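Notes follow the structure.
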Protein chains: 2
Amino acid sequence: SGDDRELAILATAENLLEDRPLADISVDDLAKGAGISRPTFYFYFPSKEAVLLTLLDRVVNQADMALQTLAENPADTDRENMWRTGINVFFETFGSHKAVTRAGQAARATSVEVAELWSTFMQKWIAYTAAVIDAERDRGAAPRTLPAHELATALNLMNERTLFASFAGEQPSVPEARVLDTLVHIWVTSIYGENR
Amino acid sequence: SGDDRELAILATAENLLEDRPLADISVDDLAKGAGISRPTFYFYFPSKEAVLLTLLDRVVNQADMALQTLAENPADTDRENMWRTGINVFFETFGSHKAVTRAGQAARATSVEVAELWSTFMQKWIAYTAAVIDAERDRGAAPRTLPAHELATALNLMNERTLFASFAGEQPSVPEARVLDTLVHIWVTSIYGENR
Ligand SMILES: CCCc1cc(C(=O)n2cc3cnn(CCO)c3c2)no1
Ligand SMILES: CCCc1cc(C(=O)n2cc3cnn(CCO)c3c2)no1
């Protein structure tokens, strides 16, 4: 069937990207994994690059839907926990799909569609962050220091670079078992910290 | 002469990278700019990729030497200024060589030598940051909150990603005229901010 063969292709690709990068994975490898022929592959996708775009789109929307769920239901907690739970959506969602994350970031250089997808969602997440900061200031809990959108931008770019370094075991990187605490500290201190 | 023709090659390359990426720049373009023949080019460098490595090495060492100069002579100032002056070395050095910065970051994906160069200097800068944090804690000015090396790592990765986004005018990015204040705020609040 249609959905079924498409889903097999996507599953095969996610599995193979755990062992090697996209440039070392052939359309034949994808077709063989999904139990189809090569020209049947080309009915569902034009290129192996398109398969990666679809996988990345799935993961990014997963994160975005999780964040939306959280935005609807507040945990009954203190401000530090509020931010930890939110950053954790990204830590768990992308950390549960490390191969797709790593491949997707590398594709930003060579694929205008992948760059645009990542840009679009980063803008959305920055805007949301800035809206929460603005709410915290309006209720008197956070000081009016930097422009909230500029602060949100830098904190979100920190998380993009730091999470993906950690997941890839780059040198340098924060260890994966430390990265959530590290990021939460920097978000909380910079959002709530006053000018001396 | 030897140094002279090498320097012309490097100058030509830095000029051409302002207009286009390395993949659209030929060895003939480099040789023509430097007033030499193609095989004379190959006496001084093996590839256009090697030229970029040399340019990047120059810029990274420029920044590192500037930071060393600062580490020798303290400004007579408050703590926020101490960090601003130091972050400004990177803002001015890389911001004065935007084409080389942009090309060098893109080459990290395809060049093990470029990745290793950037890794080596990031480790050095992180270690230095962490040593200053540790000094600030030992004198009683900064609280003992996160592991200083993990904090330094995330702050330095923030700056890498945020500065290069700003210089490239990426969407999203902090405007270049705002990025120094934004980064300094987040470093100062996270280094000096207490646990509530
Ligand atoms: C590979 C992860 C890329 C990434 C992570 C993040 C991130 O950690 N966040 C996006 C956010 C939008 N809102 N929040 C916290 C809101 O409480 C967010 C954190 N932004 O980009
Ligand atoms: C394209 C710039 C990449 C970059 C910038 C930085 C950076 O902003 N810094 C490196 C640092 C080492 N020490 N400091 C501040 C010390 O007072 C530093 C800031 N690290 O990597």
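Within every chain, numbering begins at 1; the chains are lettered A, B, ... in the order of the sequence lines, protein sequences first and strands thereafter. The figures that follow rest on heavy atoms only: side chains count, while hydrogens, waters and symmetry mates do not.
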- Message: Do B:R5 and B:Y44 form a cation-pi contact, if we require the NZ or CZ to be under 6.0 Å from the six-membered ring centre and within 45 degrees of the ring's axis?
- Response: no
Applying side-chain hydrogen bond (donor to acceptor under 3.5 Å, both in side chains) to B:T129 and not counting sequence neighbours gives B:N156
For A:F90, the ring pair (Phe, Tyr, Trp, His ring centres under 6.0 Å) test, sequence neighbours excluded, returns A:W125
Most heavy-atom pairs under 4.5 Å with chain A, out of B:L146, B:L151, B:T162, belong to B:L146
Assert top hit (heavy-atom pairs under 4.5 Å, partner chain A, pool B:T145, B:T182, B:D181, B:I191) equals B:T182
Between the CD atom in B:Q105 and the CZ atom in B:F164, the distance rounded to the nearest 0.5 Å is 4.5 Å
The interface call for A:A106 against chain B, heavy-atom contacts under 4.5 Å, is neither
Under 4.5 Å to a heavy atom of chain A? For B:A154 that would be both
